[PDB]
């Protein structure tokens, strides 16, 4: 079918520690809203964690995109992995978010990736956060629930989110999900668990503002994934950052390659629905003519031809995490070669310290030069994260492009 715009569109998603309930909540959101809006397509647990490797490991590995809507807005929701081995996919998912739903297990409280996800969500531009305290069906001590809530707000404050003001809904994604299976038509007010899901939706509706979109700037879309649609071609997916794109437009594939590739857009879809035009904010699949899935990849960006120039060298202001925040135990030197994350791009870079600065310690606030091993679309003021050896080691901002 063709996508019909009738209400504002917002991109949300789920982040949080492994096993805290992100995928269960995601499925519940689709079932709950579907009872009220026939246009919503239901997605059960196994329809989201559907890949063979996910069934093999028993965890989410790939980001999943599901759609649902309330009376007020239309939502694209990205469900991310909580396992530490897949932090890379979580970052790519967060880069598509206008707001995030932080899931925390009431039974376990804040764990290492609860903190790491909050820190990373910020560095990729997530402005707002709503908390769903999950698994309360397992905690009878009210004091504990109040304690976890306090801990979570404290954590958010540590990373510059308004911890004291964020809505914190307490519920059970699983019990809400079970109820909807028993009665798919369950409406608001009928069941306790389902009502808590409605509470979350109301908070999303009202707390996360609809972003100001720039549909008049040159088209720019960070690529999050790429695949082949047999008999149709190569599709690049991602959230349009600014501008618009129409079937027939020419776009440039920028970054990660020595040279830039140009091709024509032959299709645009949002959630398998046809669009004549994709605009800033939409989460879409863009069909590209004449390129194979080995010619486009995650981390590159599609852009209006000639509007972007990929760079490799820049100066940056950086905060280096302390051991206590999951950071490094020891300092590093000039020549350190960690991974840098900008939006959906992940690239190796070489740290070059200025003379007189020969070492950087955890907890330090420094400025230094970074030289990337591959060209990528960059801009001054662009935030980024630094990871190395399975941990996030720093967060920074690009202050000046050098080349």
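Positions refer to the first chain, counted from 1.
- Look at the C-alpha B-factors of 236 to 244 and of 135 to 143. On average they run higher in 135 to 143.
- The PDB entry records a higher mean C-alpha B factor for 292 to 300 than for its counterpart among 292 to 300 and 92 to 100.
- If you compare the C-alpha temperature factors of 169, 129, 226, 257 in the entry, 257 comes out highest.
- Ranking 85, 214, 116, 199 by Cα temperature factor from the entry places 214 first.
- Annotation for residue 56: C-alpha temperature factor in the lowest third relative to the rest of the modelled chain, per the entry.
- Per the PDB record, residue ranking by Cα B-factor puts residue 324 in the highest third of the chain.
- Among the modelled residues of the chain, residue 9 sits in the middle third by CA temperature factor in this PDB entry.
- When all modelled residues of the chain are sorted by CA temperature factor, residue 391 is found within the highest third.
- Ranked against the other modelled residues of its chain, the C-alpha B-factor of residue 28 as given in the entry falls in the lowest third.
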